[PDB]
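Below you'll find only one chain, the form deposited in one PDB entry, shown as structure tokens.
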């Protein structure tokens, strides 16, 4: 029933964890209090905490979770963005906003990404008149 060892992070990864700004100009900042929530809502979603210590687990989450955000909650999304931090941390990367992390973490937290899409317009037929012959 027990297992986590101190916390998620290390000493260091805390002291970097100890001010990840939530939103671009919302002022307020991440703390380990918010991790402790996160690794809460995670591990109590379906997950294991020390499992989320490790980039292996934080992957097994951030994989299952990105999809499962459509299914989970906007509060999974806090679970997500703060996961994608704690992934950013466990890997190597440190961050300053979450979405900054989720930028690294959007990029598979190493590199590489494309996307495209296009589409363009679709309508038009009949809506006029001639009167005469």
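Numbering follows the first chain given and starts at 1.
A second form of this protein, the form deposited with a small molecule bound, is not displayed here; the remarks below concern that form.
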**Message:** On the criterion of a non-hydrogen atom at 4.5 angstroms or closer, are 22, 74 and 78 all touching the small molecule in the deposited complex?
**Reply:** yes
**Message:** Contact with the small molecule in the deposited complex for residue 34, defined as at least one heavy atom pair within 4.5 Å: yes or no?
**Reply:** yes
**Prompt:** Heavy atoms within 4.5 Å of the small molecule in the deposited complex: does residue 99 have any?
**Reply:** yes
